[PDB]
């Protein structure tokens, strides 16, 4: 009905109309005495991806940087072994959480299916050329180095559009474009609540929307509850986001949010 195509992720396909797709956030704790690839840290990633697969995750999101400061070179050595292990061992598409072109390239060559850019191709535009060449889905998230909005939503849609132009000029197909309001980036707590309240506006751009609100500090600001007490707050934002038409949510609490998403879907008629 609403999407006339599926997200093609190489060996896996995501239907955009069936259900809200849960992206599970891989927790990625490095080893303190290693250069990446070590058995403790790879095995904890795989076990965690398996747990999230079993809890209802549709996508595993994997990042090079969320303890120790790393170079691009060191970010590659962490993330590449984990992508190879998770993709061998867990049958779910993987997104590689990076804004760097070379990191994105290796992550796909190592098995990643979707690029997840927090800089919307703006930090490193060549990443869109990476997405264009491998023919992968790429998430362009709203971000900026300031909070000088004239009008938050208007500006956010303008900024997303500048990202889409970079992606398309680089030969990215419309079907590989997912957008994200980048909640928690370049935004006051009041702007975050404003974006949530007005999220349906993003639908005019014609692309699927991913929302990432999980455990973020605007929830803490409303509830006055620390990061480990943010499950109900996150739930509310997942529910509002599915009701405003988002196709994906990016969450830590996969069991719980799958359940809320499934109920939300049944009620709104998706």
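Positions refer to the first chain, counted from 1.
Residue 28, though modelled here, lacks coordinates in at least a third of the other entries of this protein that were compared and that model residues flanking it.
Residue 64 is a gap in at least a third of the other entries compared, counting only those with both neighbours built. Missing deposited residues between residue 66 and residue 67: 4 to 9, all without coordinates in the entry.
Mean CA temperature factor is higher for 67-75 when stretches 67-75 and 155-163 are set side by side in the entry. In this PDB entry, the Cα temperature factor of residue 219 sits in the bottom third of its chain's modelled residues, the lowest group. Placement of the Cα temperature factor of residue 37 within the chain: highest third of the modelled residues, per the deposited record. Residue 258 sits in the lowest third of its chain by CA B factor, as recorded in the PDB entry. Among all modelled residues in this chain, the alpha-carbon of residue 237 has a temperature factor (C-alpha) in the lowest third. In the PDB entry, residue 30 places in the highest third of its chain by CA B-factor.
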